[PDB]
$ cat my_file.cif   # mmCIF, C-alpha atoms
data_entry
#
loop_
_atom_site.group_PDB
_atom_site.id
_atom_site.type_symbol
_atom_site.label_atom_id
_atom_site.label_comp_id
_atom_site.auth_asym_id
_atom_site.auth_seq_id
_atom_site.Cartn_x
_atom_site.Cartn_y
_atom_site.Cartn_z
ATOM 1 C CA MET A 3 -21.374 -17.068 -5.184
ATOM 2 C CA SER A 4 -19.551 -14.565 -7.427
ATOM 3 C CA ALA A 5 -18.688 -11.221 -5.789
ATOM 4 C CA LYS A 6 -21.644 -9.112 -4.578
ATOM 5 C CA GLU A 7 -21.146 -5.381 -3.900
ATOM 6 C CA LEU A 8 -18.878 -4.468 -6.834
ATOM 7 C CA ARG A 9 -16.515 -1.471 -6.519
ATOM 8 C CA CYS A 10 -13.285 -0.938 -8.506
ATOM 9 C CA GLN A 11 -10.712 1.192 -6.650
ATOM 10 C CA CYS A 12 -9.967 3.308 -9.737
ATOM 11 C CA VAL A 13 -12.591 3.582 -12.514
ATOM 12 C CA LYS A 14 -11.275 3.696 -16.096
ATOM 13 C CA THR A 15 -7.519 4.080 -16.633
ATOM 14 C CA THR A 16 -5.991 7.228 -15.122
ATOM 15 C CA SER A 17 -3.461 7.661 -17.955
ATOM 16 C CA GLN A 18 -4.011 11.449 -17.720
ATOM 17 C CA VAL A 19 -0.736 11.421 -15.748
ATOM 18 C CA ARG A 20 2.572 10.892 -17.583
ATOM 19 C CA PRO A 21 5.279 8.471 -16.367
ATOM 20 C CA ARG A 22 8.511 10.231 -15.332
ATOM 21 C CA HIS A 23 8.793 11.499 -11.735
ATOM 22 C CA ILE A 24 6.675 8.576 -10.485
ATOM 23 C CA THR A 25 7.919 6.650 -7.409
ATOM 24 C CA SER A 26 6.034 3.374 -7.017
ATOM 25 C CA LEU A 27 2.877 1.685 -8.245
ATOM 26 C CA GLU A 28 0.774 -1.232 -7.144
ATOM 27 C CA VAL A 29 -0.806 -3.709 -9.565
ATOM 28 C CA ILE A 30 -3.801 -5.750 -8.431
ATOM 29 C CA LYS A 31 -5.596 -8.159 -10.783
ATOM 30 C CA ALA A 32 -9.364 -8.158 -11.367
ATOM 31 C CA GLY A 33 -10.866 -9.207 -8.010
ATOM 32 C CA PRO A 34 -14.601 -9.753 -7.411
ATOM 33 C CA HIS A 35 -15.455 -6.139 -6.677
ATOM 34 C CA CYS A 36 -13.133 -5.383 -9.609
ATOM 35 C CA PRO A 37 -13.466 -7.795 -12.563
ATOM 36 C CA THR A 38 -11.355 -5.342 -14.587
ATOM 37 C CA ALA A 39 -7.559 -5.243 -14.103
ATOM 38 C CA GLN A 40 -7.011 -2.800 -11.224
ATOM 39 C CA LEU A 41 -3.512 -1.291 -10.887
ATOM 40 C CA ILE A 42 -2.912 1.885 -8.893
ATOM 41 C CA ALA A 43 0.188 4.088 -8.815
ATOM 42 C CA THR A 44 2.059 6.682 -6.750
ATOM 43 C CA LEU A 45 3.948 9.849 -7.769
ATOM 44 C CA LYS A 46 6.816 11.934 -6.303
ATOM 45 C CA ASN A 47 4.293 14.095 -4.549
ATOM 46 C CA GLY A 48 2.957 11.105 -2.549
ATOM 47 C CA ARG A 49 -0.365 10.970 -4.369
ATOM 48 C CA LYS A 50 -1.957 8.093 -6.309
ATOM 49 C CA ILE A 51 -3.592 7.716 -9.676
ATOM 50 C CA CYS A 52 -3.864 4.430 -11.648
ATOM 51 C CA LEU A 53 -3.014 3.044 -15.057
ATOM 52 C CA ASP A 54 -3.764 0.044 -17.277
ATOM 53 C CA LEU A 55 -1.876 -3.239 -17.729
ATOM 54 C CA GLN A 56 -2.880 -4.328 -21.253
ATOM 55 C CA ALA A 57 -0.973 -1.695 -23.262
ATOM 56 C CA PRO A 58 2.570 -0.366 -23.821
ATOM 57 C CA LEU A 59 1.814 2.569 -21.479
ATOM 58 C CA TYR A 60 2.518 0.786 -18.194
ATOM 59 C CA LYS A 61 5.257 -1.167 -20.034
ATOM 60 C CA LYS A 62 7.100 2.154 -20.231
ATOM 61 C CA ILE A 63 6.704 2.350 -16.418
ATOM 62 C CA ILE A 64 8.088 -1.114 -15.592
ATOM 63 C CA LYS A 65 10.696 -0.558 -18.332
ATOM 64 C CA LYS A 66 11.546 2.725 -16.588
ATOM 65 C CA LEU A 67 11.979 0.692 -13.373
ATOM 66 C CA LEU A 68 14.372 -1.752 -15.082
ATOM 67 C CA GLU A 69 16.589 0.981 -16.570
ATOM 68 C CA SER A 70 17.730 1.520 -12.956
ATOM 69 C CA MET B 3 27.472 5.243 -7.703
ATOM 70 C CA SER B 4 24.766 4.130 -5.244
ATOM 71 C CA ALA B 5 24.554 3.632 -1.461
ATOM 72 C CA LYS B 6 23.769 0.672 0.826
ATOM 73 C CA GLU B 7 22.465 -0.109 4.333
ATOM 74 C CA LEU B 8 19.752 2.449 5.175
ATOM 75 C CA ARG B 9 16.091 1.350 5.377
ATOM 76 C CA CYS B 10 14.927 -1.039 2.614
ATOM 77 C CA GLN B 11 11.393 -2.272 3.400
ATOM 78 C CA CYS B 12 12.700 -5.698 2.342
ATOM 79 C CA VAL B 13 16.319 -6.898 2.643
ATOM 80 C CA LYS B 14 17.480 -9.353 -0.046
ATOM 81 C CA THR B 15 14.871 -10.836 -2.405
ATOM 82 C CA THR B 16 12.129 -12.844 -0.682
ATOM 83 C CA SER B 17 11.796 -15.345 -3.551
ATOM 84 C CA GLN B 18 11.211 -18.085 -0.928
ATOM 85 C CA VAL B 19 7.529 -17.661 -1.868
ATOM 86 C CA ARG B 20 6.269 -19.038 -5.203
ATOM 87 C CA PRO B 21 4.029 -17.089 -7.622
ATOM 88 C CA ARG B 22 0.519 -18.563 -7.995
ATOM 89 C CA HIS B 23 -2.173 -17.657 -5.444
ATOM 90 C CA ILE B 24 -0.613 -14.183 -5.062
ATOM 91 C CA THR B 25 -3.006 -11.180 -5.061
ATOM 92 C CA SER B 26 -1.060 -7.963 -5.782
ATOM 93 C CA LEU B 27 2.441 -6.515 -5.476
ATOM 94 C CA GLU B 28 3.953 -3.038 -5.320
ATOM 95 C CA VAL B 29 7.010 -1.989 -7.355
ATOM 96 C CA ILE B 30 9.275 0.648 -5.767
ATOM 97 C CA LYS B 31 12.575 1.714 -7.373
ATOM 98 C CA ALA B 32 15.809 2.236 -5.412
ATOM 99 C CA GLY B 33 15.151 5.385 -3.346
ATOM 100 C CA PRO B 34 17.600 7.000 -0.893
ATOM 101 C CA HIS B 35 17.274 4.647 2.070
ATOM 102 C CA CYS B 36 16.926 1.927 -0.574
ATOM 103 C CA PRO B 37 19.556 2.197 -3.333
ATOM 104 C CA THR B 38 18.608 -1.380 -4.266
ATOM 105 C CA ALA B 39 15.429 -1.988 -6.299
ATOM 106 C CA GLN B 40 12.706 -2.449 -3.664
ATOM 107 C CA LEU B 41 9.725 -4.502 -4.893
ATOM 108 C CA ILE B 42 7.223 -5.766 -2.336
ATOM 109 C CA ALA B 43 4.228 -8.037 -2.867
ATOM 110 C CA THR B 44 1.039 -9.299 -1.300
ATOM 111 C CA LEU B 45 -0.365 -12.808 -1.052
ATOM 112 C CA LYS B 46 -3.946 -14.188 -1.182
ATOM 113 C CA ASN B 47 -3.757 -14.428 2.579
ATOM 114 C CA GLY B 48 -3.326 -10.635 2.987
ATOM 115 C CA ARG B 49 0.295 -10.862 4.022
ATOM 116 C CA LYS B 50 3.386 -9.695 2.205
ATOM 117 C CA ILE B 51 6.828 -10.683 1.096
ATOM 118 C CA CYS B 52 8.964 -9.144 -1.680
ATOM 119 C CA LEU B 53 10.682 -10.137 -4.895
ATOM 120 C CA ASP B 54 13.304 -8.851 -7.358
ATOM 121 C CA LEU B 55 12.846 -6.982 -10.660
ATOM 122 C CA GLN B 56 16.021 -7.883 -12.592
ATOM 123 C CA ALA B 57 15.236 -11.548 -13.333
ATOM 124 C CA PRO B 58 12.597 -13.743 -15.021
ATOM 125 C CA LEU B 59 11.074 -14.504 -11.589
ATOM 126 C CA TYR B 60 8.923 -11.379 -11.285
ATOM 127 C CA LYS B 61 8.408 -11.590 -15.081
ATOM 128 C CA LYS B 62 6.373 -14.714 -14.318
ATOM 129 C CA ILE B 63 4.304 -12.529 -11.955
ATOM 130 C CA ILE B 64 3.539 -9.679 -14.386
ATOM 131 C CA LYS B 65 3.093 -12.308 -17.110
ATOM 132 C CA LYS B 66 0.675 -14.128 -14.776
ATOM 133 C CA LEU B 67 -1.223 -10.840 -14.506
ATOM 134 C CA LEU B 68 -1.365 -10.333 -18.286
ATOM 135 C CA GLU B 69 -2.828 -13.845 -18.665
ATOM 136 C CA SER B 70 -6.088 -12.378 -17.319
ATOM 137 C CA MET C 3 4.352 -20.718 21.049
ATOM 138 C CA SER C 4 4.886 -18.109 18.308
ATOM 139 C CA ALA C 5 7.090 -15.038 18.875
ATOM 140 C CA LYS C 6 10.559 -14.444 17.385
ATOM 141 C CA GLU C 7 12.443 -12.632 14.598
ATOM 142 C CA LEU C 8 10.575 -13.537 11.389
ATOM 143 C CA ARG C 9 10.167 -10.902 8.631
ATOM 144 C CA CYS C 10 8.717 -7.570 9.850
ATOM 145 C CA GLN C 11 8.643 -5.042 6.979
ATOM 146 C CA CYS C 12 10.022 -2.599 9.570
ATOM 147 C CA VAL C 13 12.340 -3.622 12.431
ATOM 148 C CA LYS C 14 12.122 -1.460 15.573
ATOM 149 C CA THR C 15 10.100 1.773 15.418
ATOM 150 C CA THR C 16 11.283 4.300 12.822
ATOM 151 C CA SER C 17 10.371 7.321 14.978
ATOM 152 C CA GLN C 18 13.527 9.065 13.667
ATOM 153 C CA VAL C 19 11.082 10.882 11.357
ATOM 154 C CA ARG C 20 8.849 13.638 12.781
ATOM 155 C CA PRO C 21 5.100 13.918 12.048
ATOM 156 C CA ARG C 22 4.204 17.034 10.018
ATOM 157 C CA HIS C 23 4.468 16.852 6.204
ATOM 158 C CA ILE C 24 3.412 13.170 6.306
ATOM 159 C CA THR C 25 0.815 12.059 3.717
ATOM 160 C CA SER C 26 -0.566 8.634 4.741
ATOM 161 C CA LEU C 27 0.416 5.585 6.796
ATOM 162 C CA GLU C 28 -0.504 1.898 6.991
ATOM 163 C CA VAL C 29 -1.570 0.156 10.195
ATOM 164 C CA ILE C 30 -0.861 -3.600 10.278
ATOM 165 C CA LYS C 31 -1.227 -5.706 13.446
ATOM 166 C CA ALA C 32 1.292 -8.356 14.542
ATOM 167 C CA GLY C 33 0.874 -11.145 11.965
ATOM 168 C CA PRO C 34 2.826 -14.431 11.920
ATOM 169 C CA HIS C 35 6.132 -13.255 10.486
ATOM 170 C CA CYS C 36 5.499 -10.095 12.530
ATOM 171 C CA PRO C 37 4.392 -10.860 16.107
ATOM 172 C CA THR C 38 5.207 -7.215 16.892
ATOM 173 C CA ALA C 39 2.740 -4.470 15.892
ATOM 174 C CA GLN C 40 3.780 -3.484 12.353
ATOM 175 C CA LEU C 41 2.737 0.066 11.373
ATOM 176 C CA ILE C 42 4.292 1.626 8.273
ATOM 177 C CA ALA C 43 3.969 5.176 6.970
ATOM 178 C CA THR C 44 4.407 7.467 3.982
ATOM 179 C CA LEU C 45 5.739 11.043 3.702
ATOM 180 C CA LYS C 46 4.952 13.911 1.307
ATOM 181 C CA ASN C 47 7.984 12.778 -0.646
ATOM 182 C CA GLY C 48 6.507 9.353 -1.548
ATOM 183 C CA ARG C 49 8.815 7.387 0.718
ATOM 184 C CA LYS C 50 8.012 5.115 3.669
ATOM 185 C CA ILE C 51 9.246 4.747 7.198
ATOM 186 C CA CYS C 52 7.273 3.246 10.111
ATOM 187 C CA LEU C 53 6.163 4.107 13.618
ATOM 188 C CA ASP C 54 4.757 2.453 16.766
ATOM 189 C CA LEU C 55 1.134 2.014 17.896
ATOM 190 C CA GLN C 56 1.447 1.786 21.705
ATOM 191 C CA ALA C 57 2.549 5.356 22.492
ATOM 192 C CA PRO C 58 1.390 8.981 22.109
ATOM 193 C CA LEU C 59 3.685 9.370 19.070
ATOM 194 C CA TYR C 60 1.317 7.858 16.506
ATOM 195 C CA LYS C 61 -1.566 9.442 18.479
ATOM 196 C CA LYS C 62 -0.166 12.767 17.246
ATOM 197 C CA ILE C 63 -0.423 11.350 13.702
ATOM 198 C CA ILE C 64 -4.060 10.192 13.882
ATOM 199 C CA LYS C 65 -4.861 13.351 15.872
ATOM 200 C CA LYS C 66 -3.209 15.351 13.077
ATOM 201 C CA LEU C 67 -5.506 13.536 10.620
ATOM 202 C CA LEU C 68 -8.594 14.384 12.706
ATOM 203 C CA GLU C 69 -7.780 18.113 12.908
ATOM 204 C CA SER C 70 -8.640 18.146 9.179
ATOM 205 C CA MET D 3 -11.858 22.643 1.028
ATOM 206 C CA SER D 4 -12.655 21.135 -2.393
ATOM 207 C CA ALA D 5 -11.578 22.830 -5.645
ATOM 208 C CA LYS D 6 -13.931 21.448 -8.323
ATOM 209 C CA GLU D 7 -14.447 17.906 -9.669
ATOM 210 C CA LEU D 8 -11.590 15.946 -8.058
ATOM 211 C CA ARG D 9 -10.679 12.214 -8.046
ATOM 212 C CA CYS D 10 -11.077 10.392 -4.704
ATOM 213 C CA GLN D 11 -9.835 6.779 -4.547
ATOM 214 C CA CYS D 12 -12.818 5.436 -2.577
ATOM 215 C CA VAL D 13 -16.163 7.228 -3.073
ATOM 216 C CA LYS D 14 -18.416 7.379 0.010
ATOM 217 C CA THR D 15 -17.526 5.232 3.036
ATOM 218 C CA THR D 16 -17.414 1.484 2.359
ATOM 219 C CA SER D 17 -18.716 0.560 5.833
ATOM 220 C CA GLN D 18 -20.703 -2.289 4.203
ATOM 221 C CA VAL D 19 -17.850 -4.488 5.489
ATOM 222 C CA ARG D 20 -17.667 -5.333 9.214
ATOM 223 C CA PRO D 21 -14.431 -5.081 11.252
ATOM 224 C CA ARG D 22 -13.171 -8.448 12.573
ATOM 225 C CA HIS D 23 -11.066 -10.609 10.214
ATOM 226 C CA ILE D 24 -9.503 -7.442 8.732
ATOM 227 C CA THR D 25 -5.686 -7.429 8.317
ATOM 228 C CA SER D 26 -4.505 -3.829 7.772
ATOM 229 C CA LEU D 27 -5.782 -0.487 6.487
ATOM 230 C CA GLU D 28 -4.366 2.733 5.039
ATOM 231 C CA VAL D 29 -5.132 6.191 6.412
ATOM 232 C CA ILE D 30 -4.863 9.013 3.850
ATOM 233 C CA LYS D 31 -6.059 12.561 4.594
ATOM 234 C CA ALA D 32 -8.013 14.704 2.115
ATOM 235 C CA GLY D 33 -5.551 15.419 -0.728
ATOM 236 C CA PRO D 34 -6.265 17.710 -3.709
ATOM 237 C CA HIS D 35 -7.966 15.043 -5.803
ATOM 238 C CA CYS D 36 -9.631 13.993 -2.533
ATOM 239 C CA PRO D 37 -10.794 16.888 -0.329
ATOM 240 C CA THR D 38 -12.707 14.318 1.737
ATOM 241 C CA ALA D 39 -10.823 12.113 4.226
ATOM 242 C CA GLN D 40 -9.699 9.068 2.217
ATOM 243 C CA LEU D 41 -9.092 5.949 4.354
ATOM 244 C CA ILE D 42 -8.723 2.581 2.626
ATOM 245 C CA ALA D 43 -8.474 -0.882 4.164
ATOM 246 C CA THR D 44 -7.482 -4.496 3.593
ATOM 247 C CA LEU D 45 -9.149 -7.769 4.649
ATOM 248 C CA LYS D 46 -7.780 -11.228 5.517
ATOM 249 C CA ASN D 47 -8.565 -12.193 1.957
ATOM 250 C CA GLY D 48 -6.114 -9.662 0.424
ATOM 251 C CA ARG D 49 -8.813 -7.350 -0.882
ATOM 252 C CA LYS D 50 -9.499 -3.673 -0.134
ATOM 253 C CA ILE D 51 -12.511 -1.637 0.813
ATOM 254 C CA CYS D 52 -12.472 1.680 2.720
ATOM 255 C CA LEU D 53 -13.968 3.272 5.801
ATOM 256 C CA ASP D 54 -14.443 6.705 7.418
ATOM 257 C CA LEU D 55 -12.335 8.492 10.055
ATOM 258 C CA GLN D 56 -14.868 10.828 11.721
ATOM 259 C CA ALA D 57 -16.977 8.232 13.571
ATOM 260 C CA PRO D 58 -16.655 5.430 16.155
ATOM 261 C CA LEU D 59 -16.670 2.859 13.315
ATOM 262 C CA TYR D 60 -12.966 3.066 12.473
ATOM 263 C CA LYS D 61 -12.354 3.660 16.213
ATOM 264 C CA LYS D 62 -13.411 0.028 16.632
ATOM 265 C CA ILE D 63 -10.700 -0.845 14.076
ATOM 266 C CA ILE D 64 -7.806 1.029 15.729
ATOM 267 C CA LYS D 65 -9.141 -0.158 19.106
ATOM 268 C CA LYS D 66 -9.150 -3.701 17.691
ATOM 269 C CA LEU D 67 -5.486 -3.119 16.752
ATOM 270 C CA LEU D 68 -4.597 -1.932 20.275
ATOM 271 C CA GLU D 69 -6.176 -4.930 22.047
ATOM 272 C CA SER D 70 -3.249 -6.901 20.562
#

$ encode --input "my_file.cif" --output "structure tokens"
Amino acid sequence: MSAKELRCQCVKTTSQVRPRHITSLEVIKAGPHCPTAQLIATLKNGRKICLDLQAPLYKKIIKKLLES
Amino acid sequence: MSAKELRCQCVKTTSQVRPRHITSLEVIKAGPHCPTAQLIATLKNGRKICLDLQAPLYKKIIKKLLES
Amino acid sequence: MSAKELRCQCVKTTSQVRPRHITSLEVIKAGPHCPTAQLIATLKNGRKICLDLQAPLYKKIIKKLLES
Amino acid sequence: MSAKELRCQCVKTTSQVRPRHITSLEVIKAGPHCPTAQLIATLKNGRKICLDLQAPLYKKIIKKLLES
């Protein structure tokens, strides 16, 4: 009773990408297979990386979504 | 300024659902077919509705995700 | 006794788009709010339309994914 | 086919899960960061694993989606 078979969709934060031409991003909390916060993203060239949710980095993303 | 009536994955805000047992939600900005901010979500029972991003309602969601 | 307009993320089939530069597509069955088969898609320009799952149209999509 | 050291979303096929109470699954082809076919999925308990697209395993999924 806990999780069994652990597997986070994106390992570590994929901040290597910069926020700007992004398009949409998903944000999933820490499930069983993923006890760490797991948020993924999507760019203009329909591809997907992933970022964190405990810093001002993704806050610039959501803030960039509010500006419009 | 913007457009209207095209192909928004979710018409109007689906706030009829309350934030609590949710699981994850996507955040899409106003594209072409969707000049309105288009945010969709996902529940614990893998289903999906959609919320807004210009009020304190979704702020309770992201805030509920920061809690953990 | 369960079949009527509820909340399908995509009403009617969005076949107006042609399969070619697509990137990825979701395949959801007919849930409660969606008694109709609900398949959504994504293009190379991170956007999303939707197609059917009972014709040779989406079979050209999956077949296009098998070719590679 | 593969450049050098890329970033796939789901490593290896997550067939450890059996198809039955599933809810919906994504189908992404081999991008740049993912030269391998990258198909992800979703269960009834809004979670996400991933399967392959070159065997009869996912054919039981799509076939399970056609039956209804």

$ resolve_selection --input "my_file.cif" --expression "the PyMOL selection byres ((chain A) within 9 of (chain B))" --output "PyMOL selection string"
chain A and resi 25-33+39+41+43+55-56+64+67-68+70

$ atom_distance --input "my_file.cif" --atom1 "CA of residue 47 in chain A" --atom2 "CA of residue 4 in chain B"
22.8 Å

$ resolve_selection --input "my_file.cif" --expression "the PyMOL selection byres ((chain C and resi 10-19) around 7)" --output "JSON, numbers by chain"
{"B": [11, 12], "C": [8, 9, 20, 21, 35, 36, 40, 51, 52, 53, 54]}

$ calpha_fit_rmsd --input "my_file.cif" --fixed "chain B" --moving "chain A"
2.4 Å

$ atom_distance --input "my_file.cif" --atom1 "CA of residue 22 in chain B" --atom2 "CA of residue 23 in chain D"
23.0 Å

$ atom_distance --input "my_file.cif" --atom1 "CA of residue 34 in chain D" --atom2 "CA of residue 49 in chain A"
9.0 Å

$ axis_aligned_box --input "my_file.cif" --around "range 17-35 of chain B" --padding-each-side "8 Å" --output "lines of an AutoDock Vina configuration file"
center_x = 7.3
center_y = -6.0
center_z = -3.0
size_x = 36.6
size_y = 42.0
size_z = 26.1
